[PDB]
Each structure stands twice: as structure tokens, then as C-alpha cells.
Amino acid sequence: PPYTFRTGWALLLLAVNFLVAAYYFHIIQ
Amino acid sequence: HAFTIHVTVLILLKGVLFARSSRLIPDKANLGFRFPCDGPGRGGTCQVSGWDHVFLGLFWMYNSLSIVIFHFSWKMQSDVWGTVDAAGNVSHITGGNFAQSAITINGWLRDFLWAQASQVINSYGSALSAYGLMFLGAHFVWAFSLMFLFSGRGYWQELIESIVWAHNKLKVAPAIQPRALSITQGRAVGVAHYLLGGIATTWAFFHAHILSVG
Amino acid sequence: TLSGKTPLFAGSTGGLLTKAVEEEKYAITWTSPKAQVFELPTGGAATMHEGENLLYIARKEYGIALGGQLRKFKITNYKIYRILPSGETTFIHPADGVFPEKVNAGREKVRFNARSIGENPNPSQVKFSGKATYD
Amino acid sequence: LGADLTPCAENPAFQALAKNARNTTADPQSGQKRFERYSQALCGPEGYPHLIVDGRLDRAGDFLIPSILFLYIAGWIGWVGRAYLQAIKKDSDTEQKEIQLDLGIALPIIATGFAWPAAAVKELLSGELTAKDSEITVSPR
Amino acid sequence: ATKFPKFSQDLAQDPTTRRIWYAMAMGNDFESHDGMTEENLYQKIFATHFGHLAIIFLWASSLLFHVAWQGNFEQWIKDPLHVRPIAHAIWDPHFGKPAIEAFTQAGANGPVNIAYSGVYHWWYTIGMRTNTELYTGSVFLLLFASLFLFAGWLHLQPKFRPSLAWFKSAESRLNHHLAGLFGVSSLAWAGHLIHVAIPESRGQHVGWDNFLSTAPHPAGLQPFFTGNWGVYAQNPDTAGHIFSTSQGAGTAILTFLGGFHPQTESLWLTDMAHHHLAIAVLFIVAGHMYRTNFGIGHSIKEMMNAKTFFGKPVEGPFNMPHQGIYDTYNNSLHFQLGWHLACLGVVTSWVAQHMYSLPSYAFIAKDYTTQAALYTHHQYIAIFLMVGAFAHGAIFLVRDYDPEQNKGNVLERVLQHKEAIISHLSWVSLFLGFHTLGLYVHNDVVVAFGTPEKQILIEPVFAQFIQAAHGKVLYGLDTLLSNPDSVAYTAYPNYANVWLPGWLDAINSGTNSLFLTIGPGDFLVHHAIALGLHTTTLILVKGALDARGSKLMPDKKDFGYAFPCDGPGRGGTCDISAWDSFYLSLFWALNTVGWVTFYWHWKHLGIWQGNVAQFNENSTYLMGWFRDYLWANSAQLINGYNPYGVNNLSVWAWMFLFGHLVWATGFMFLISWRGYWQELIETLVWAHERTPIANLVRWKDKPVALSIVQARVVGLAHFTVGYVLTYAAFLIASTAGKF
Amino acid sequence: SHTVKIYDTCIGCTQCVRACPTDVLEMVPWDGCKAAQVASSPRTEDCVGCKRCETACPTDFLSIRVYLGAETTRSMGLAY
Amino acid sequence: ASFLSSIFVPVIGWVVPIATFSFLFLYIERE
Amino acid sequence: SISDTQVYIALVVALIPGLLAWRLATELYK
Ligand code: CLA
Ligand code: CLA
Ligand code: CLA
Ligand code: CLA
Ligand code: CLA
Ligand code: CLA
Ligand SMILES: CC1=C(/C=C/C(C)=C/C=C/C(C)=C/C=C/C=C(C)/C=C/C=C(C)/C=C/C2=C(C)CCCC2(C)C)C(C)(C)CCC1
Ligand SMILES: CC1=C(/C=C/C(C)=C/C=C/C(C)=C\C=C\C=C(C)\C=C\C=C(C)\C=C\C2=C(C)CCCC2(C)C)C(C)(C)CCC1
Ligand SMILES: CC1=C(C/C=C(\C)CCC[C@H](C)CCC[C@H](C)CCCC(C)C)C(=O)c2ccccc2C1=O
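Have a look at this one:
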């Protein structure tokens, strides 16, 4: 397969990870 | 001392007298000197070989001599060694606490091990710091030995299978196939690290203490 | 029925216990060409006689072990007997007079599984049944 | 960053430690030179340099730079090791070449191990890094 | 051929002492009993579960009765911060007069044990004020234990034995247990807090005599039906409130203050009431989800087997094949027991982590020994439950798991890449282990060489960020709840963060264990705990996933869960069974809880002595732990008795040495293996038979050395018992000695 | 007593029979392998469970297996 | 009521073990 | 503390789960 579903979900988790890091680095308040 | 020597002799003498045969394994001489067992049958025949009696005798030799050098160390420091006043009065290193303390295990734990370990544990940032590091290092090597002594080959070979799978997966599987240590080597490595760790601990302990008070 | 004289220096504390009287005992007979020293099953250097030797032994494994040692002496005529407290002597090795490692016609397959070991059922399949997975 | 962290050059506990700084090496200024270097770090209340490992670029020296340098050296060792194992497998006496190094094969590989990231990417994007799961031995399920 | 054990003809026909040992070990393994059917298995298990509940309620009754009878509860009420709670009386003939004098404590007339279970705090918080109330509690719990014992007997009788279908009725039990056992229990407790505990907290005596007359709120249930619920939050207990008195007391029954009651340093009862009321409603709703007998509700078997996501076809739930998982769970009791041990083990750790940081019981935060005891206790239980979860998970795989019924599902896929799972666990363990031990040893050497400024001290900046995100302004990060500008802090639209004022007061006071300040010492030890958790998991998962077979033993499922080995062939196969992974894992489970409890205790000792510096500076190298924690805090414990006399820590001093002895005894069974002992026992049998007067008497059971597996059981037990008693002694003596 | 099962993967090498210290095993006629003989376990009441036969067996996986069952005086290898 | 300790502790210490070990011994040796 | 009477009632009440524990144990053995 092209792994669209699992990559999509992995990207979403990695997005949340970056969003929490953006709070950590005071980029978003 | 009599007890710990008689038990070491029991193990070693049993090793020599039952090396060739026993009521359990008649043909033990054919299996040789150094074999791990003759299988889980007859209830289980783990450590019947003359080699395995030496393995068990080493722990008892270690246990025996540990109490001999502890006896010597404390008795000399409490009742022999010390300073002498001009009048001729002897002030001993541990002030004759052996008579009342060395008659309980608590007294050995407190007045010997706890009390005299103060120098080795407080040695960091001084010329004796090395003995402080050796003391911990030796406690570690001793504890590490329990991995080999308490575990068995079967577990480690099955763990190596999965690790070998990952090396196979990335085409880094070695031509010399990895194996868990032999049952006998497991025990040999066990008792080696146990003796090294245990003896080295007392070595670091004795030095740090006696290079301060003695 | 058991003929043969007890080997010299056959005595040790490794010999028969109360089991030999109460439960069961074993004998091993053999014909030696010459009187010669041999290690006993449970320690001690015994001496075989020229001719029929009879050694009482606690376990059949003692007999098979001694049998293996007698083979090293070029002796293959050794017979092991199980003896019950009622004096019921039973010839048990070699069972049919031929040694088990040699093929003999008349012997039937016992506990043979007509499959590879990988083809055994799962324990879940034979759960709450009498049968095991190796049956 | 947090938990009473100040610049080491401002922390009184640091200066107190620096005045009694032990010489690491034969160089008699090695003790002072250490605290001169560690002045740029963040110190806790007791005046010991605390390292920040969150990928902050102003603290890149703490973990990020050591990380890159380690991964480059460790990856070299692993690639050179893998390269040699694959090289000796094409020979007859492969097991003997494991315990007794063919320096003729090994040294060229070791030399060319500097370019392992390029080799690792190339081999990842060629399906030549991994074997198939169906062609690797496994336990019965 | 002896009768015992009745449940095994194999063991019953064993002529050796192994018959007796294996009967003990196999008594409760009902599946392995002779002529056991599935229906009889469930019916025996159900009846047994009534037996266990009864034991718990008889245990609970004992605590109440012994405190009511021999305790100082009524005295302790009057001064909970200074009076020592009494557990029970000591009646020991072996005591000398000095010992009797030493144990005559907490204003007792005779020798007594100080209670470290925190039951006094608990009972006081929930509204008990008299020994008569404690007594009535104990006698009730005897009758409640009695009712379950009868139920157990009744449900074994022909007419009342439930069918197998009844036991497999999963959805009905999930509705009844979520709504009833959880939800109504929670609602009933909310009732207790509102009707009794909160009044008692405000100096109002409310009991069975007067609870029907006295309304919990002045408004009296009229606002509830008219929907003016806010009335029950009006007039909360003030910051001046003195617990168990009307001085500073409120009338509110359902508040939402957040943080702690300032006197008692514990959660507000009106918060705990509203919690249990809110929790109850959520659980009653949750237990209306599954279909039983009324058409409506979810079928879990249908949900697992579903292959369509609104027309679009999917492999199953979350596009993952869960087909046959419902049957796997419902049909295998080892799958369930394993799964439920995992959940309970997690919740037990959860409790431990939360009860120290968020105390619910009045004045328990200042009873330092009780806090230390209760955290260690529950973390040790959590560790056993977690090891059991994996043990029973391995037993499921080797005894219950049908590959054909689980064809293509998530469980089959996990087994398909088990090498990938085990190899990556091996990596994480090694990766954590090398670098964590590395940094400790680095730190330990540079400190030893008089250069502690050369230590690798990593700020736990990610954990510190979470504390700051919870509004701890110490770190000066200004993000989420530490930023008063943030939408999180303000709750931009609704502004209903009514928890927050109380919460921020609690988290920003340094006088509690609510999000303790963390630094390099906390970083290294969290990474040691991670190492611990990953390595225990590695051992157990490898044990579970290799339970059915491996390369070394492909047919391992044919030999079952526990077996000694497969003999010295194929290089040797010692400790190859799935059981032997459980055995190895518990060493690591104990090691890990050791690191967790040591850390908890040493950090708290610093906090309790107002000397956090000690932990903060010395916890970064392992000589600091060795010296400042173990050596330093052994001082009082080991002087519990000495040549000069005894004190109240003599019992802990003796238990401390007892633990050390039992631990060491375990090494014998773990190091020296069977063949040595069987050959030794052969000579003892010879000697008995040949001794002239002794040979009069004869054993019925032939003396044999313990089995290979039995030795691992006995060895691991001695080791464990030794581990627990040694630390229990040290933990209690060292804290109670200082406090 | 222990159970000793032979599997059709047997090559009739006789090594298990020779290994056995209590003459449990013997070779019997068979058409299944080239050697024209298979291992059998007629006397499993004499089996001690040593697994010397399994160590002897050269087939992958083993063609003989010992399943340790009910322990008796003979199976426990007791001379008392 | 404290006198009950002088009755119960010896019973749980001696009478109960002897009675339990005596019965269990006779039960495990019953043929 | 609690009266001598209350202690004697508790002991007599404790014979009830004592009896029922025996009955359950015997029934579970079958
Ligand atoms: C070329 C050599 C090489 C390579 C590329 C790998 C690669 C790997 N190993 Mg393996 N490993 C090796 C040698 C190697 N290993 C050796 C010699 C041993 C015996 C100690 C192991 C024991 C081992 C274990 C127990 C585990 C791994 C694991 C892994 C994987 C994760 C990374 C890791 O944990 O490092 C681990 C590193 C070590 C244990 C130390 C390596 C020792 C040296 C430095 C490597 C040998 C270098 C060699 C002598 C160079 C000669 C080259 C010359 C002839 C040109 C990764 C695929 C893990 C895994 O399965 O992950 C999924 C895992 O759990 N390895
Ligand atoms: C939560 C409920 C629970 C239930 C219902 C079960 C039920 C079962 N378990 Mg599981 N298990 C659990 C939790 C549970 N377990 C936990 C938490 C663990 C981790 C320890 C395990 C680990 C485990 C293993 C490794 C095994 C089982 C097995 C079993 C089965 C047989 C038990 C037996 O007969 O032993 C009889 C009882 C004993 C031998 C008890 C003696 C041990 C105690 C702790 C000694 C304590 C020492 C001493 C009294 C203290 C002295 C004090 C000192 C001061 C002197 C049975 C189905 C066995 C099985 O085969 O499953 C089918 C099995 O091999 N369990
Ligand atoms: C101090 C005691 C001790 C130590 C250090 C270890 C260490 C380890 N155990 Mg063991 N274990 C122990 C006691 C110990 N165990 C005990 C009592 C038992 C009960 C039998 C076990 C049972 C057990 C099981 C069942 C398993 C482990 C595993 C592991 C490994 C986990 C991987 C890791 O995280 O660390 C990283 C590695 C280390 C910390 C090893 C030490 C590193 C050394 C110090 C570096 C040496 C380099 C130096 C230059 C050499 C000097 C020597 C000189 C002669 C040349 C690790 C090697 C697991 C495993 O292998 O996972 C992969 C595993 O599955 N252990
Ligand atoms: C690999 C296993 C591993 C595990 C199981 C943990 C587990 C933990 N970490 Mg640690 N951490 C790790 C690696 C790991 N960490 C590494 C390599 C670093 C960089 C030094 C950190 C830095 C770090 C900080 C600053 C903190 C933690 C904390 C914690 C605890 C809370 C969760 C968390 O914040 O995760 C953090 C998760 C990550 C950093 C990512 C996961 C590990 C990745 C996937 C491994 C690969 C990393 C790679 C080698 C880095 C190369 C970088 C380079 C390319 C630039 C928990 C015990 C917190 C704590 O102390 O709680 C009280 C905390 O504040 N960790
Ligand atoms: C002479 C030999 C000797 C021996 C063999 C023992 C044996 C023991 N001691 Mg005793 N002890 C002794 C002398 C001895 N003691 C002396 C002279 C004293 C002074 C009176 C003590 C005071 C003492 C205390 C205060 C304690 C013990 C405990 C124990 C038990 C540890 C159980 C275990 O396996 O822990 C596993 C090992 C550990 C948890 C290591 C702890 C020590 C390190 C330095 C701290 C680790 C924390 C750190 C954050 C983890 C980093 C890991 C990372 C490197 C990966 C064991 C019975 C402990 C116990 O009760 O059991 C848990 C305990 O708390 N002993
Ligand atoms: C668990 C409960 C328990 C109780 C209540 C006792 C009580 C006693 N023990 Mg201890 N003991 C116990 C367990 C117990 N033991 C255990 C497990 C051990 C092994 C570790 C010991 C090891 C031990 C030793 C080595 C000694 C004691 C002694 C004593 C007595 C000392 C009091 C005294 O100085 O007066 C003086 C009291 C007497 C001289 C005896 C009074 C009359 C006796 C108890 C019974 C009379 C016959 C009786 C009516 C019927 C038959 C006996 C039995 C079936 C009830 C006291 C009766 C000492 C003693 O005096 O031994 C006799 C003593 O030397 N005990
Ligand atoms: C933080 C937080 C959060 C989140 C959280 C979460 C999400 C959690 C998670 C958690 C989890 C997620 C957990 C886990 C756990 C797990 C476990 C602990 C497991 C275990 C298991 C087992 C033990 C198994 C077993 C088995 C086997 C092994 C085999 C087969 C069979 C069985 C399956 C049985 C929130 C947002 C809410 C809020 C804020 C905070
Ligand atoms: C940024 C940062 C961070 C974070 C990080 C992270 C989170 C990461 C992740 C990562 C990841 C998540 C990864 C994963 C991966 C996976 C895989 C899958 C892999 C594989 C590999 C391989 C395959 C390799 C190979 C090799 C080489 C390359 C060389 C040598 C040899 C060998 C063969 C070994 C921190 C905070 C720490 C610090 C700061 C910065
Ligand atoms: C841990 C453990 C193992 C696993 C340990 C093993 C397999 C030892 C392997 C360690 C050595 C150090 C591997 C060395 C590999 C290379 C030679 C290193 C090359 C790199 C250097 C040149 C730096 C067993 O095999 C075992 C067997 C029987 C009883 C107990 C145990 C036991 O406890």
C-alpha cells in the first residue's frame, strides 16, 4: 500500500507534538 | 569459622567423592568433570558435576573468608591496635566495642559495616576518592553477577533470536551465529563477577578505613 | 533362577537401601572370560570372576550403566532382571534377547505420531478434553 | 530556563567554586580556564552548569552539537561494520574473516566510512538496506 | 495412592514429598484440576470470589475493631498533628521490661504499635468521631462479610448455580458494573459525604439517629428539583475554617473550589462530594451503552466484527481487524484476568501518584511516615498487579489463544511481528541503560575527583514546562495557566475556570507535594525509572510473545506455562518457559519499585526537613544516594537496639535484619540448583536408614530435593519477602525516627 | 510416568536408543525412512526424563520428544 | 477485656497451629 | 475505649461469618 491512513494519523500526532512544542517555545500563547 | 569451613569442605568433598557417580547419576564420570546437568529428569539433575560443587564451594569459601577478615579487622581495631599514653594506657581504634557488639548481627551491621564504611563513602574530593569509586564499582559488579546466577541460558538465547532478527532485517547478521553463554559459562561468569565484586568491595572498604584510622 | 557368584570387593554404602526389600530390586548377570577389576555403579573397584557374575543393584539405570562398562570389557551377554518383594524375577533387558539399538522383527511401533512435531494441535483445541496435544 | 537557573557568571555559588577550582591537567591555569569556559553556561543555585537539551539554538553546544558529532561517528562505525560483514559474506571462509580481520577488505571500508550518510540514503532508497520479512528466519507463531 | 490432592491423580500417586508442595502450588489453578468442565470452572470461581470479598470485609472489620478497642482515635481527634495513631495492642510474652517500657507510647497504658496505614485520618475525614462509631462499623462489616460468605455457599447449590451463558453475558455485566457497582456506589458515597462527612467537618453531629430529620442543606432539595443548583455552591467553607468545628464553616454541599483546605492541607470535602456526584452521573450514563434485554444498546461483538464505516468498507474499528477479539476476551479467563490486572495495576500506581500530591484526608500530609508507607505500599501492589497482568497474558497465549478463531485480527498481527516488538524493546532498554548509568558514573567520577561543576546535569525542561502549563510560576515560562493572558487561564468565552484560583494557590505554595520542583536529580532518576519500566516490559512481553514457541523450542505450547527446561541439549534450555520470564521480570519489577520508592522517599525527606538542597545537589551521583539516603538514614534504625538498651524502633531494627536474612536465604534457592541437593538428601536418607534407633521411625513420603521450578518459586518468594520487609523497616524507622 | 513420543521425521539413526540410560527406547522395522527402522518407546515406565535421547536426535526439529508427566519412584530416579 | 489477649494470642500461637498441622498431616497421609 | 460487653458481642457476631466461612470452604472443596 501507499500507507496513506497510518502516515495521516502519524502526521496528526506529530502535528500535536509540534503544537505543544509551539506552546513550550512561546510561539503561541 | 569452624561452621563456614566445615560447610565449604562438605560441598568440595561431596564434589570429589561423588564426581564419578552417585545414587542419582551412576555414569557421571562419562558425562565428565564439567557438564551442566543430566536434564530435568529424576526430579532435576542441575549442578551434579564436580565442576558445579567447585562453583558452590567458591561462594562458601567467599562467605567463610569474608567473616575471617572481618573478625581480624574488628578484633585488631577494638582489642590490639591503638595509641599508647606516656603512662602506658592503650586507647584502641574502636575502643574495645568488640566484646559487647560482635555478639549480635545488628552489632556487626552497625558497629563494623555501617560505622567503618564512613571513610569509604566520605572519600570523594580527597586522595581516597578512588576507594569510594572502587567501593561502588565493586557493589555494581557484585549485583551484575546476580543476572548470570539467577537466570538461565534458555531466556537469553530466545532474546538473542529477536536481536538476531533485527540484524538479519538490516543485513548485519554475523556469520559467527550469536549464542547465549553455555549453562556452565553462565555459572562461571556468575561466580567470577560475584567474587570480584564482593572481594573488591571489602578491599575498597578496608583500604579507605585503615588508611584513615590506621 | 539367577545363577552367578557376587563379585569380590562388591561392598560399599552405595548399595541396596530399604527399597530393595519393600518396593523392587534389580540384578545384572554376565559371563566374564577372565577375573578383572571394574568400577561398581555406586563407587568402589569390584573384581569380576571368570564365569557367571551376579550383582544386585537398586535401580535399572545402574544395570544399563554397568552394561555400558561391560561392553568396554568386550562383554555383551549381560542380562538385567527386576526382582519384586514376592521373589517374582522378571528378565527386562535385553527385552527380546536382541539389544534395542539393533533392529529386530516382531517389535511393533509404540507411541509413534504419524506427523511432524510442528503438526501437533494447539492446547486450546484439546482444552477441557482428556487427550493432550502430543496424543 | 527554569528551577533557579542564572548565567554562571552572575551566580555567586559559581564564583565561590571558581576561586577554589582544581587543576584537571598539568596546566596550572586549567582550573581557572574551566570556570572561564563554564561562565557562559546556565548554573543552578549550587553553581554547577545545568545543560538545556530542548533544541534551543543559543544552547546548541549543550546537546545538539554533541548529538550531531556522536551520530556522525556512531553511524560511521555502524556503516563500516555493516559494509565489512556484507563484504566477507561474498567470500568462502566468512566465519574465519569475522575472528581474523581481512585488513585488505576492512581498511578501504574504514577509509570510505566518512560518506556513510550518502551511502545510507542511497541504500534506503534502493531497497538494499533491509531484507524481506518472508526471507528472514522467524519463530513458529 | 493417597487421597490428597483430590484434584490431581498425577500428584496423588507421587510417592515423594513433591506431592505435598505441588498440591499447594496447584490448589487455586482450577483449570488444571481433574475432570474440571468450563461451567464448573466459572461456578467454582464465582463462589470463590464471594470468599475473597468476605476476607476483605473481615480484614476491614479488624482495622475498625482493633482501633475502636486498643487505639487512641478519640484522643487523636483532639490533636491529629501531635498524637501518634495506635494500630493495636502488643501481647508478647517474650518481651523484657525495657521493651515493654519502649513500646508503651502514644499515651497507651501498655505496649502498642503506632499505625502507619492512615486509617485514623481516613475515618476522621469521612465523619467518624467516636470508638462506638468505629465499633459499629466493624460489627456491620462482620455481618456484610457474613452475607457474601452465605451468597458464595448459596450460588454453589444446584438450583442457584449460574449457567455458562450467564457468565458469558458480558454486555449486561458491563451495564450493571458501570451504572451500579461504579455509578451508584459513587452516588451513594457523594450521599455519605453530603449527609454525614461535611456536617461532621462543620462540627454538626449527624448519625443514624438524626440524619432523616437534619437536612444536608438549609434550602432542602427544593433548588435541585426546580433546577436552581447554584444554591448548593453558595456560602462555601472559608479559608479560616477549623476542621470538625463551626468556626469559619459554610453551608455549601457541592462547591468547586480547587486546591486544598488551608488547615488540613487536604482536598475540600464539598469538592470531593461534587466529584463523586459528577462521577456517578457519568458512570450511570456509561452503563446504558450496551444492549442486554431491551433491543437498544451497542453489541460489542458487532462493534469488533463491523467492516463498514458509513458505506465505505474498513478492516474494522479504526480500520484495524478486531474480528474474534470479543470471543477471545469473553471466552479466555486468563485474557480477562491478565487485562484486568493491567488496568488495576495502572489504577493502583495512579492512586499512589495522586494520594501523595493531592491528599484527601485531613492532616495526612503532615503524617510523613503514613504518606511514605501509603505511597510505597500502593507502588509495590501496582508492581505485582502489572507483573501478574503479563503473567496471565502469557498463560492466555500458551493455554487459551486459538490462532484459527483470531485469524487476521490485531492479536495475530502482534504475534506476526513479535521479533520487531522484542528487538525494539531490547534497544530502548539498552539505550536508556547505557546512557543513564553512563551519566551517573560520569557524575560520580567528576565529583569524586573534586570537580562537581563537570557533572552532566540535564534540566527536566519538558516536565518543568508541564508544571508551568499547570500554573507553577517558579520556572518563569509564562505559558498556559502560568500566563494570565492565555485563553487556558481565562477560558476566553465562558470564564468558568472556577477551579483555578484554589488550584494556583495550591500549586504556587511550596508547602505541599503538588507538582514538586524538579531538577537534574529528578531527570536522571525518571530516566532510571523509564529504563526499569522498559526492561520489566521487555522481559514480560518477550515471555508472553515466546510463550507458544521460539527457534530454540518451537513446540513450547505443548509443555505449557511453567516447566523447568527442555534439558541441556541444543546448547542448554534453562529458564526457557514463559513462567521463567515472570520469575525474571519480578526481580526487575522489585528493582524498579526500589528506584521509584527510594526517589519518592529521599526527595520527600529533604522537603520534610526543609533541606531540598541535599537531594538537589547529591542525587546526580550514586554515591550521594548511597551516603545521604541509605547510610545517613540507617543511623537511628540500626540503633533500635544496641548494648546501651532499646527504643520503640527495636522491632524495625530486628525486622530490618530479618529482611536481610530472608533475602539472602532466597539467593541459596536461586544460585544452588537441584542436582546438588538431591545427591545430599540421598546421603541423609542413607544415614537415617542406618542409624540404629532413628531407623525405628520412617517417612510416609520419600524425601526429595525441591523441583527446578519450585526452587525458582521458593527462591523468588524469600527474595521478595526479604526485599519488602527490609525496605518497610528502613522506610518506617527512618521517617518515624526523624518525625 | 513421562511420555516419549516418536514423530515421522525419524531417520532411524538409533542415537536416541543408544543414549537412553534406562532402555526405554528400541528400534522397530519401518518403511518411512531410508534406514528402514524407527525409534519406539515401549518401556516409558522406566523413563527418568533425562532427555539424553532428545540431545542425541539429529533431526530439525526433534523426531523424539519427552513430555514430563506424573512422577513415580522410577521416574524420580530414587534408589530409596 | 485486655485479659482476652492472654487467651487468644497463645491459642493462635499454639492451639490453632497444632490442631491445623495435626489435621493437615493426617489428611495428606490418608490413603 | 469500647466496653467489655461490646468486645463479647463482636466475638459472638464474628462466630457467624466463622460458621459461614467453614460452610463455604467445605462446599468449595466438593
Ligand atoms: C557492525 C556492527 C553492528 C551494527 C551495524 C549493529 C546494529 C544494530 N544493533 Mg547490534 N550488536 C553488535 C554489532 C552491530 N550491531 C555486536 C558486536 C553485538 C554484541 C555486543 C551487538 C549486540 C546487540 C544487542 C543486544 C542489540 C543490538 C541492536 C542493534 C540495532 C540497534 C542499535 C543498537 O542497539 O546498538 C547496540 C550496540 C551494541 C550492543 C554495541 C556494539 C559493539 C561494537 C561497537 C560494534 C561492532 C563493531 C565492529 C567490531 C567493527 C568492525 C568493522 C571492521 C571489521 C571494518 C542495530 C540494527 C539492538 C536491536 O536489536 O535493535 C532493534 C539490540 O537490542 N546489537
Ligand atoms: C488478581 C487476581 C489473581 C487471580 C485470581 C490469580 C489466579 C491464578 N494465578 Mg495469578 N498472578 C497474579 C494475580 C492473580 N492470579 C499476580 C498479581 C501475579 C504476579 C505475582 C500473578 C502471577 C502468577 C504466576 C507466575 C502464576 C499464576 C498462577 C495463577 C493460577 C494458580 C494460582 C495457584 O494455584 O497458586 C497457589 C498459591 C501459592 C503458591 C501462594 C504462595 C505464594 C505467596 C505469595 C507466599 C508469601 C510468603 C509468606 C506467606 C510470607 C511470610 C511472611 C514473613 C514475615 C514470615 C490461578 C488461576 C499460576 C498458573 O499456572 O496459572 C494458570 C502461575 O504459574 N499467577
Ligand atoms: C547491577 C545489576 C544488574 C545490571 C547492571 C544488569 C543489566 C542489565 N540487565 Mg540484568 N538482571 C539482574 C541484574 C542486573 N542487570 C538481576 C538480579 C536479574 C534477575 C536474574 C536480571 C535479569 C535480567 C533479564 C531477564 C534481562 C536483563 C537485562 C539487562 C540489560 C538491560 C539493558 C540495559 O538497560 O542496560 C544497558 C547495559 C548495561 C547497564 C550493562 C553495563 C554496561 C557496562 C558497565 C559497560 C561496560 C564497558 C566497560 C568498558 C567494560 C569494563 C569491563 C572490563 C573487564 C573490560 C542490562 C545489560 C535485559 C536485557 O538484556 O535487555 C536488552 C533482560 O531482558 N536482566
Ligand atoms: C529513548 C528513550 C527515552 C525514554 C523512555 C524517556 C523518558 C522520559 N523522559 Mg527523556 N529524553 C530522552 C530519551 C528518553 N526519555 C533523550 C534522548 C533526551 C535528550 C537528552 C531526553 C530529554 C528529556 C528531558 C529534557 C525530559 C525528559 C523527560 C522524560 C520523562 C518524561 C517523558 C518525556 O519528557 O520524554 C521526552 C522524550 C523525548 C526527548 C523523545 C523520545 C526519545 C527519542 C524518540 C529517542 C531518539 C532521540 C535521538 C537520539 C536524539 C537525536 C537528536 C538530534 C537529531 C538533534 C520520561 C521518564 C522529562 C522528565 O524528566 O520528567 C520528569 C523531561 O523533562 N527527557
Ligand atoms: C554487607 C552486605 C549487605 C548486603 C548483601 C545487603 C543487602 C540488602 N540491603 Mg542492606 N545494608 C547494609 C549491608 C548489606 N545489605 C549496611 C552495612 C547498611 C547500613 C546499615 C545497610 C542498610 C540498608 C538500607 C537503608 C537498605 C538496605 C537494603 C538491602 C536490600 C536491597 C534489596 C535489593 O536487591 O535492592 C536493589 C538495589 C537497589 C534499589 C540499589 C539502591 C542503591 C543505589 C545506590 C540507589 C539507586 C537509586 C538510583 C536513582 C537508581 C539509578 C539506576 C541507574 C544507574 C540505572 C538487600 C537485602 C534496601 C532494601 O530495603 O531493599 C530494597 C534498603 O533500603 N540495606
Ligand atoms: C505465637 C505465640 C507464642 C506464645 C504466646 C509463646 C509464649 C512463650 N514462649 Mg515462645 N516461642 C514461639 C511462640 C510463642 N511463644 C515461637 C514460634 C518460637 C520459636 C521461634 C518460640 C521460642 C521460645 C523459646 C526458645 C522460649 C519460649 C518461651 C515462651 C514462654 C516465656 C514466658 C515465661 O518466661 O514464663 C515461663 C513459662 C513457662 C516455663 C511455660 C508455661 C507453661 C507452658 C506454656 C505450657 C504448659 C502445658 C500446657 C497447659 C499444655 C501443653 C502445651 C501446649 C500444647 C499448649 C511463653 C509461654 C520460653 C519458655 O519459657 O519455654 C517453655 C523459652 O525459653 N518461646
Ligand atoms: C496525560 C493526560 C491525558 C491523557 C492520558 C492518556 C491518553 C493516557 C493513556 C494511558 C495508556 C494508554 C495506558 C496504557 C497502559 C497499558 C498497559 C499497562 C498494558 C498492558 C497490557 C498487558 C499486560 C497485556 C497482556 C497480554 C499479553 C502480553 C499477551 C496477549 C494477552 C494479553 C492482551 C492479556 C488527558 C488528555 C486525559 C488529560 C491530560 C493529562
Ligand atoms: C530534535 C531534538 C530532540 C528530539 C528528538 C526526537 C524526538 C527524535 C525522534 C526520532 C525518531 C522517532 C527516529 C526513529 C527512527 C526509526 C527508524 C526505523 C530508524 C532506523 C535506522 C536505521 C535502519 C539505521 C541504520 C544504520 C545506519 C544509518 C548507520 C549505522 C548502521 C545502521 C545499519 C545501524 C531532543 C529533545 C531529544 C533533543 C533536542 C533536539
Ligand atoms: C546476561 C546473560 C547472558 C547474555 C550474555 C551474553 C550472550 C554475553 C555477551 C557479552 C559479550 C561482552 C559480547 C561481546 C561481543 C563482541 C566481542 C564485542 C566487540 C566490540 C569490542 C571490540 C568493543 C547469557 O547468555 C547467560 C547464559 C546463561 C546464564 C545466564 C546468562 C546471563 O545472565
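Residue numbers (this note's numbering), protein chains in the order written: chain A, 1 to 29; chain B, 30 to 243; chain C, 244 to 378; chain D, 379 to 519; chain E, 520 to 1258; chain F, 1259 to 1338; chain G, 1339 to 1369; chain H, 1370 to 1399. A virtual CB, placed ideally from N, CA and C, is assigned to each residue, including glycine.
- By DSSP's assignment, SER785 of chain E forms a beta bridge with E:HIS780.
- Rounded to whole angstroms, the separation of the alpha carbons of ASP405 of chain D and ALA939 of chain E is 51 Å.
- Straight across, the Cα-Cα distance linking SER942 of chain E with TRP194 of chain B is about 8 Å.
- In the DSSP assignment, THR37 of chain B falls outside any beta strand (DSSP E) and within the unbroken alpha helix (DSSP H) covering 31-46.
- Distances from the CB of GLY215 of chain B to the heavy atoms of ligand 9 include at least one below 7 Å.
- A distance below 7 Å between beta-carbons, with the five flanking residues on each side excluded, links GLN594 of chain E to the following residues of its chain, in chain order: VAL602 and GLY626.
- Assignment of beta-bridge partners to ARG325 of chain C by DSSP yields C:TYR269 and C:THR333.
- Interface residue (Cβ-Cβ distance to chain B less than 8 Å): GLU424 of chain D is not classified as such.
- Annotation for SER1340 of chain G: no beta strand (DSSP E) segment contains it, and DSSP assigns it neither H nor E.
- Shown here for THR535 of chain E: same chain residues with a beta carbon closer than 7 Å to its own, the five before and five after excluded, namely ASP1220, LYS1221 and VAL1223 in chain order.
- For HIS1045 of chain E, the shortest C-beta to heavy atom distance toward ligand 4 is below 7 Å.
- Annotation: the continuous alpha helix (DSSP H) that includes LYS597 of chain E extends over 592-597.
- Just so you know, the alpha carbons of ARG1392 of chain H and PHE1186 of chain E end up roughly 41 Å apart.
- By the rule that beta-carbons nearer than 8 Å mark a contact, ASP1289 of chain F does not touch chain C.
- Taken in chain order, the members of the region 924-939 of chain E whose beta-carbon sits within less than 8 Å of a beta-carbon on chain B are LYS937, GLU938 and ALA939.
- Against chain B, a Cβ distance below 7 Å from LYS1263 of chain F picks out nothing, because the smallest value is about 16 Å.
- By the beta-carbon neighbour count (other beta carbons within 10 angstroms, threshold 16), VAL1115 of chain E is buried.
- At the C-beta level, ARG412 of chain D and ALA399 of chain D come within 8 Å of one another.
- The beta carbon of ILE335 of chain C sits no closer than 8 Å to any beta carbon of chain E.
- Take the alpha-carbon of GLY1079 of chain E and the one of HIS236 of chain B: they are about 53 Å apart.
- Shortest gap from the CB of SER1169 of chain E to any heavy atom of ligand 5: 7 Å or more.
- Every alpha helix (DSSP H) of 4 residues or more that sits fully in the region 42-90 of chain B is shown, in chain order, as 57-60.
- In the three-state scheme derived from DSSP, where H, G and I count as helix and E and B as strand, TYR1140 of chain E is classed as coil.
- For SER1169 of chain E, the enclosing alpha helix (DSSP H) starts and ends at 1169-1190.
- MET823 of chain E sits away from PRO832 of chain E, with the two beta carbons spaced by 8 Å or more.
- Three or more Cβ pairs drawn from the region 861-880 of chain E and the region 1023-1034 of chain E lie within less than 8 Å of each other, which places the two stretches in contact.
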